[PDB]
$ cat my_file-v7.tsv   # TSV, C-alpha atoms and all ligand atoms
chain	number	residue	atom	x	y	z
A	3	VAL	CA	0.00	0.00	0.00
A	4	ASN	CA	1.47	3.38	-1.15
A	5	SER	CA	4.84	1.55	-1.72
A	6	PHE	CA	6.76	4.60	-2.91
A	7	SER	CA	10.44	3.86	-3.56
A	8	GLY	CA	13.43	5.98	-4.49
A	9	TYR	CA	12.03	9.28	-3.22
A	10	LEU	CA	14.18	11.96	-1.58
A	11	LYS	CA	12.49	13.47	1.53
A	12	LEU	CA	12.69	17.27	1.29
A	13	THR	CA	10.54	18.17	4.36
A	14	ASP	CA	8.53	16.20	6.96
A	15	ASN	CA	5.73	15.74	4.43
A	16	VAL	CA	7.15	16.43	0.93
A	17	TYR	CA	9.07	13.75	-1.07
A	18	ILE	CA	10.40	13.97	-4.64
A	19	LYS	CA	11.50	11.57	-7.44
A	20	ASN	CA	12.65	11.87	-11.04
A	21	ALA	CA	9.94	9.70	-12.59
A	22	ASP	CA	6.92	9.60	-14.90
A	23	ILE	CA	3.76	9.92	-12.67
A	24	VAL	CA	2.01	7.28	-14.87
A	25	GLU	CA	4.78	4.69	-14.26
A	26	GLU	CA	4.75	5.53	-10.55
A	27	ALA	CA	0.95	5.08	-10.39
A	28	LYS	CA	1.21	1.69	-12.15
A	29	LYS	CA	3.85	0.37	-9.70
A	30	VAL	CA	2.50	1.86	-6.47
A	31	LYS	CA	-1.35	1.95	-7.19
A	32	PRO	CA	-1.57	4.70	-4.57
A	33	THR	CA	-4.75	5.62	-2.66
A	34	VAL	CA	-4.76	8.97	-4.53
A	35	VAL	CA	-3.08	10.16	-7.76
A	36	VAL	CA	-3.37	13.88	-8.52
A	37	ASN	CA	-4.16	14.92	-12.12
A	38	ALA	CA	-2.95	18.35	-13.38
A	39	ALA	CA	-6.42	19.14	-14.80
A	40	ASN	CA	-8.18	22.04	-16.57
A	41	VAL	CA	-11.65	23.37	-15.62
A	42	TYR	CA	-13.57	21.21	-18.18
A	43	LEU	CA	-11.63	18.02	-17.36
A	44	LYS	CA	-10.55	17.57	-20.98
A	45	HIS	CA	-7.32	15.45	-20.77
A	46	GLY	CA	-5.73	16.33	-24.10
A	47	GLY	CA	-2.01	16.43	-23.54
A	48	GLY	CA	0.79	16.54	-20.99
A	49	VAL	CA	0.25	14.84	-17.63
A	50	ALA	CA	-3.56	14.70	-17.98
A	51	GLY	CA	-3.36	13.10	-21.46
A	52	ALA	CA	-0.82	10.55	-20.24
A	53	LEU	CA	-2.90	9.57	-17.15
A	54	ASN	CA	-6.02	9.28	-19.35
A	55	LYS	CA	-4.17	7.20	-21.98
A	56	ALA	CA	-3.06	4.77	-19.21
A	57	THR	CA	-6.73	4.19	-18.22
A	58	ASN	CA	-7.54	3.66	-22.02
A	59	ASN	CA	-9.92	6.64	-21.95
A	60	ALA	CA	-11.96	5.50	-18.89
A	61	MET	CA	-10.87	8.68	-17.05
A	62	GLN	CA	-12.16	10.87	-19.90
A	63	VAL	CA	-15.58	9.11	-20.06
A	64	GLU	CA	-16.02	9.51	-16.29
A	65	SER	CA	-14.81	13.16	-16.37
A	66	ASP	CA	-17.34	13.97	-19.15
A	67	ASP	CA	-20.18	12.56	-16.95
A	68	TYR	CA	-18.94	14.64	-13.94
A	69	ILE	CA	-18.92	17.82	-16.07
A	70	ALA	CA	-22.38	17.14	-17.52
A	71	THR	CA	-23.90	16.78	-14.03
A	72	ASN	CA	-21.82	19.29	-11.98
A	73	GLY	CA	-20.46	21.82	-14.45
A	74	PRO	CA	-16.80	22.88	-14.76
A	75	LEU	CA	-14.39	23.33	-11.87
A	76	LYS	CA	-12.92	26.71	-10.99
A	77	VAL	CA	-9.22	27.62	-11.20
A	78	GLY	CA	-7.84	26.62	-7.79
A	79	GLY	CA	-10.48	23.89	-7.30
A	80	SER	CA	-10.75	20.12	-7.47
A	81	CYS	CA	-12.90	17.05	-7.63
A	82	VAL	CA	-12.44	13.41	-6.55
A	83	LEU	CA	-13.21	10.78	-9.18
A	84	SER	CA	-12.21	7.11	-9.68
A	85	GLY	CA	-8.52	6.32	-10.07
A	86	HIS	CA	-9.45	3.34	-12.31
A	87	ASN	CA	-6.38	1.01	-12.77
A	88	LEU	CA	-3.92	3.69	-11.57
A	89	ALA	CA	-5.11	4.49	-8.04
A	90	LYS	CA	-8.16	4.12	-5.70
A	91	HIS	CA	-9.03	7.80	-6.45
A	92	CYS	CA	-7.97	10.56	-8.79
A	93	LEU	CA	-8.01	14.07	-7.38
A	94	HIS	CA	-8.35	16.38	-10.44
A	95	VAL	CA	-6.78	19.75	-9.44
A	96	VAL	CA	-6.81	22.91	-11.50
A	97	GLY	CA	-3.65	25.03	-11.10
A	98	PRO	CA	-3.49	28.43	-12.89
A	99	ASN	CA	-2.11	28.40	-16.43
A	100	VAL	CA	0.01	31.58	-16.46
A	101	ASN	CA	0.82	30.96	-20.19
A	102	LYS	CA	-2.92	31.80	-20.71
A	103	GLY	CA	-2.97	34.74	-18.19
A	104	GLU	CA	-4.40	33.13	-14.98
A	105	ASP	CA	-3.26	34.52	-11.53
A	106	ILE	CA	-0.40	32.89	-9.56
A	107	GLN	CA	-2.23	33.49	-6.18
A	108	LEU	CA	-4.49	30.57	-7.22
A	109	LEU	CA	-1.54	28.10	-7.08
A	110	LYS	CA	-1.83	28.12	-3.21
A	111	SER	CA	-5.60	27.37	-3.52
A	112	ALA	CA	-4.83	24.52	-5.93
A	113	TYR	CA	-2.30	22.89	-3.52
A	114	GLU	CA	-4.73	23.39	-0.61
A	115	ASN	CA	-6.93	20.62	-2.18
A	116	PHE	CA	-4.17	18.08	-1.41
A	117	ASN	CA	-4.84	18.57	2.35
A	118	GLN	CA	-8.10	16.51	2.21
A	119	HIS	CA	-6.07	13.30	1.53
A	120	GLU	CA	-3.51	11.74	3.87
A	121	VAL	CA	-1.18	10.43	1.11
A	122	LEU	CA	-0.97	11.54	-2.57
A	123	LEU	CA	1.14	10.85	-5.66
A	124	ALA	CA	1.26	14.16	-7.54
A	125	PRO	CA	2.85	16.23	-10.28
A	126	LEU	CA	4.35	19.72	-9.80
A	127	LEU	CA	1.26	21.98	-10.33
A	128	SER	CA	1.22	24.67	-13.02
A	129	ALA	CA	4.74	23.61	-14.23
A	130	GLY	CA	5.56	22.59	-17.89
A	131	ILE	CA	3.19	24.14	-20.46
A	132	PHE	CA	1.14	25.88	-17.70
A	133	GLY	CA	4.06	28.36	-17.46
A	134	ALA	CA	4.65	28.75	-13.70
A	135	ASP	CA	8.27	28.79	-12.44
A	136	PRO	CA	8.66	25.14	-11.31
A	137	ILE	CA	10.88	26.07	-8.34
A	138	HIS	CA	8.21	28.57	-7.20
A	139	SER	CA	5.58	25.81	-7.53
A	140	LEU	CA	7.71	23.58	-5.25
A	141	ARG	CA	7.94	26.39	-2.66
A	142	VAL	CA	4.12	26.79	-2.68
A	143	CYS	CA	3.74	23.01	-2.28
A	144	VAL	CA	6.11	22.93	0.69
A	145	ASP	CA	4.43	25.93	2.35
A	146	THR	CA	0.81	24.83	1.78
A	147	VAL	CA	0.61	21.04	1.81
A	148	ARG	CA	0.57	19.47	5.27
A	149	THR	CA	-0.44	15.91	4.30
A	150	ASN	CA	2.11	13.43	2.82
A	151	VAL	CA	2.85	14.25	-0.88
A	152	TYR	CA	5.07	12.24	-3.21
A	153	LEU	CA	5.97	14.43	-6.19
A	154	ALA	CA	6.98	12.78	-9.45
A	155	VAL	CA	8.85	15.14	-11.81
A	156	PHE	CA	9.59	13.53	-15.23
A	157	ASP	CA	12.82	15.44	-16.07
A	158	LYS	CA	16.22	14.81	-14.43
A	159	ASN	CA	17.42	18.35	-15.32
A	160	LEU	CA	14.46	19.95	-13.49
A	161	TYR	CA	14.64	17.44	-10.66
A	162	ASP	CA	18.30	18.38	-10.06
A	163	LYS	CA	17.52	22.14	-10.12
A	164	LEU	CA	14.63	21.62	-7.65
A	165	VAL	CA	16.75	19.56	-5.24
A	166	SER	CA	19.66	22.04	-5.57
A	167	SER	CA	17.42	25.02	-4.82
A	168	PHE	CA	15.80	23.23	-1.89
A	169	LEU	CA	18.94	21.65	-0.36
B	1	LIG	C1	7.50	19.95	-15.66
B	1	LIG	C2	7.37	18.59	-16.35
B	1	LIG	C3	8.68	17.81	-16.26
B	1	LIG	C4	6.18	17.78	-15.78
B	1	LIG	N1	5.99	16.53	-16.53
B	1	LIG	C5	5.58	15.35	-16.01
B	1	LIG	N2	5.70	15.14	-14.68
B	1	LIG	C6	5.45	13.91	-14.22
B	1	LIG	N3	5.08	12.82	-14.89
B	1	LIG	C7	4.95	13.05	-16.21
B	1	LIG	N4	4.62	12.13	-17.18
B	1	LIG	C8	4.60	12.76	-18.42
B	1	LIG	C9	4.27	12.08	-19.68
B	1	LIG	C10	4.06	12.89	-20.84
B	1	LIG	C11	3.72	12.31	-22.01
B	1	LIG	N5	3.53	10.95	-22.09
B	1	LIG	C12	3.10	10.12	-23.08
B	1	LIG	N6	3.01	8.90	-22.64
B	1	LIG	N7	3.40	8.89	-21.30
B	1	LIG	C13	3.71	10.14	-20.98
B	1	LIG	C14	4.10	10.73	-19.75
B	1	LIG	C15	4.90	14.09	-18.25
B	1	LIG	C16	5.15	14.29	-16.85
B	1	LIG	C17	4.91	18.61	-15.70
B	1	LIG	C18	4.38	18.99	-14.48
B	1	LIG	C19	3.18	19.68	-14.40
B	1	LIG	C20	2.45	20.02	-15.53
B	1	LIG	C21	2.99	19.61	-16.77
B	1	LIG	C22	4.21	18.95	-16.85
B	1	LIG	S1	2.17	19.82	-18.27
B	1	LIG	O1	3.09	20.43	-19.21
B	1	LIG	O2	1.56	18.57	-18.63
B	1	LIG	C23	0.92	20.99	-17.88
B	1	LIG	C24	0.23	20.65	-16.56
B	1	LIG	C25	1.19	20.83	-15.39
$ encode --input "my_file-v7.tsv" --output "structure tokens"
Amino acid sequence: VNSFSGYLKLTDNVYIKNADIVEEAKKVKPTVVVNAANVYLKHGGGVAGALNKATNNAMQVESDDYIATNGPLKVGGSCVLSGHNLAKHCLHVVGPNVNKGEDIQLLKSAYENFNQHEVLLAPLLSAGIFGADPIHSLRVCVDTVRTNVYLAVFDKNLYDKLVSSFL
């Protein structure tokens, strides 16, 4: 159960590994995997596309039914849906996309959603094509998340810069 291996403990509750979140989910089958979602839960590329592809589109069919019944999420918000073959649950969290002009103050609100779950496997919110400074996103995670978070960052160059900045 939550058999995370090869992580480096940065703080009492934040761990980090250079790994693909999809491969980690397949090996660990954690209680919760966090998806770096958008407000309409359309998993078209990046982390969301890769998680959805690993469920063979089951995540997208379920997300479409959630949107039809509940409407879109807000930036900074989340919803809990099935984790299918990857996890018991998937927590879909919307971080701000600064490449499309959304406010960075909402990154704290996005990480706050992690606090409803004791243990999570997660990506670095708003990083990559969402345009936030990835080291800043790690600082927000460390300052906001109190529950136990295992971050998978699929880039050794970024992993090394994050660990070097953190110490
Ligand atoms: C900063 C990056 C290093 C990091 N990337 C990732 N971090 C962790 N696990 C990952 N798996 C893959 C992947 C991507 C194509 N794939 C196709 N088949 N399998 C895969 C597997 C990407 C990836 C990252 C962190 C957050 C966000 C992004 C990217 S994003 O650009 O998707 C926008 C949303 C926020």
$ residues_near_ligand --input "my_file-v7.tsv" --ligand "ligand LIG 1 (chain B)" --cutoff "9 Å" --atoms "only C-alpha atoms and all ligand atoms" --output "compact mmCIF listing (two decimals) with C-alpha atoms, in the coordinates of the input"
# COMPACT_ATOMS: atom_id res chain seq x y z
CA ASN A 20 12.65 11.87 -11.04
CA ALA A 21 9.94 9.70 -12.59
CA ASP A 22 6.92 9.60 -14.90
CA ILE A 23 3.76 9.92 -12.67
CA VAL A 24 2.01 7.28 -14.87
CA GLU A 25 4.78 4.69 -14.26
CA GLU A 26 4.75 5.53 -10.55
CA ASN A 37 -4.16 14.92 -12.12
CA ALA A 38 -2.95 18.35 -13.38
CA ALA A 39 -6.42 19.14 -14.80
CA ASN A 40 -8.18 22.04 -16.57
CA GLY A 47 -2.01 16.43 -23.54
CA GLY A 48 0.79 16.54 -20.99
CA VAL A 49 0.25 14.84 -17.63
CA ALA A 50 -3.56 14.70 -17.98
CA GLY A 51 -3.36 13.10 -21.46
CA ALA A 52 -0.82 10.55 -20.24
CA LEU A 53 -2.90 9.57 -17.15
CA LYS A 55 -4.17 7.20 -21.98
CA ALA A 56 -3.06 4.77 -19.21
CA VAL A 96 -6.81 22.91 -11.50
CA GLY A 97 -3.65 25.03 -11.10
CA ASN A 99 -2.11 28.40 -16.43
CA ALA A 124 1.26 14.16 -7.54
CA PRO A 125 2.85 16.23 -10.28
CA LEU A 126 4.35 19.72 -9.80
CA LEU A 127 1.26 21.98 -10.33
CA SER A 128 1.22 24.67 -13.02
CA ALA A 129 4.74 23.61 -14.23
CA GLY A 130 5.56 22.59 -17.89
CA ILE A 131 3.19 24.14 -20.46
CA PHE A 132 1.14 25.88 -17.70
CA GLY A 133 4.06 28.36 -17.46
CA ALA A 134 4.65 28.75 -13.70
CA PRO A 136 8.66 25.14 -11.31
CA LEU A 153 5.97 14.43 -6.19
CA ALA A 154 6.98 12.78 -9.45
CA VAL A 155 8.85 15.14 -11.81
CA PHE A 156 9.59 13.53 -15.23
CA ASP A 157 12.82 15.44 -16.07
CA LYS A 158 16.22 14.81 -14.43
CA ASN A 159 17.42 18.35 -15.32
CA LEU A 160 14.46 19.95 -13.49
CA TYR A 161 14.64 17.44 -10.66
$ atom_distance --input "my_file-v7.tsv" --atom1 "CA of residue 4 in chain A" --atom2 "CA of residue 123 in chain A"
8.7 Å
$ atom_distance --input "my_file-v7.tsv" --atom1 "CA of residue 144 in chain A" --atom2 "CA of residue 33 in chain A"
20.7 Å
$ closest_residue --input "my_file-v7.tsv" --among "A:73, A:8, A:46, A:78" --to "residue 105 in chain A" --atoms "all atoms listed in the file"
A:78
$ atom_distance --input "my_file-v7.tsv" --atom1 "CA of residue 9 in chain A" --atom2 "CA of residue 54 in chain A"
24.2 Å
$ residues_around --input "my_file-v7.tsv" --residues "residue 149 in chain A" --least-positions-apart "6" --cutoff "9 Å" --atoms "all atoms listed in the file" --output "MDAnalysis selection string"
chainID A and resid 15:16 116:122
$ residues_around --input "my_file-v7.tsv" --residues "residue 113 in chain A" --least-positions-apart "2" --cutoff "7 Å" --atoms "only C-alpha atoms" --output "list in words"
residues 109, 110, 111, 115, 116, 143, 146 and 147 of chain A
$ write_last_selection --input "my_file-v7.tsv" --atoms "C-alpha atoms" --output "PDB file, in the coordinates of the input"
ATOM      1  CA  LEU A 109      -1.540  28.100  -7.080  1.00  0.00           C
ATOM      2  CA  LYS A 110      -1.830  28.120  -3.210  1.00  0.00           C
ATOM      3  CA  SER A 111      -5.600  27.370  -3.520  1.00  0.00           C
ATOM      4  CA  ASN A 115      -6.930  20.620  -2.180  1.00  0.00           C
ATOM      5  CA  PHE A 116      -4.170  18.080  -1.410  1.00  0.00           C
ATOM      6  CA  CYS A 143       3.740  23.010  -2.280  1.00  0.00           C
ATOM      7  CA  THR A 146       0.810  24.830   1.780  1.00  0.00           C
ATOM      8  CA  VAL A 147       0.610  21.040   1.810  1.00  0.00           C
TER       9      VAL A 147
END
$ residues_around --input "my_file-v7.tsv" --residues "residue 6 in chain A" --least-positions-apart "4" --cutoff "10 Å" --atoms "all atoms listed in the file" --output "list in words"
residues 17, 19, 26, 27, 29, 30, 31, 32, 123 and 152 of chain A
$ closest_residue --input "my_file-v7.tsv" --among "A:45, A:59, A:65, A:89" --to "residue 3 in chain A" --atoms "only C-alpha atoms"
A:89
$ closest_residue --input "my_file-v7.tsv" --among "A:112, A:151, A:43, A:169" --to "residue 98 in chain A" --atoms "all atoms listed in the file"
A:112
$ closest_residue --input "my_file-v7.tsv" --among "A:104, A:35, A:14, A:63" --to "residue 76 in chain A" --atoms "all atoms listed in the file"
A:104
$ residues_around --input "my_file-v7.tsv" --residues "residue 61 in chain A" --least-positions-apart "5" --cutoff "8 Å" --atoms "all atoms listed in the file" --output "compact mmCIF listing (two decimals) with C-alpha atoms, in the coordinates of the input"
# COMPACT_ATOMS: atom_id res chain seq x y z
CA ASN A 54 -6.02 9.28 -19.35
CA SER A 84 -12.21 7.11 -9.68
CA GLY A 85 -8.52 6.32 -10.07
CA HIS A 86 -9.45 3.34 -12.31
$ closest_residue --input "my_file-v7.tsv" --among "A:62, A:80, A:167, A:150" --to "residue 11 in chain A" --atoms "all atoms listed in the file"
A:150
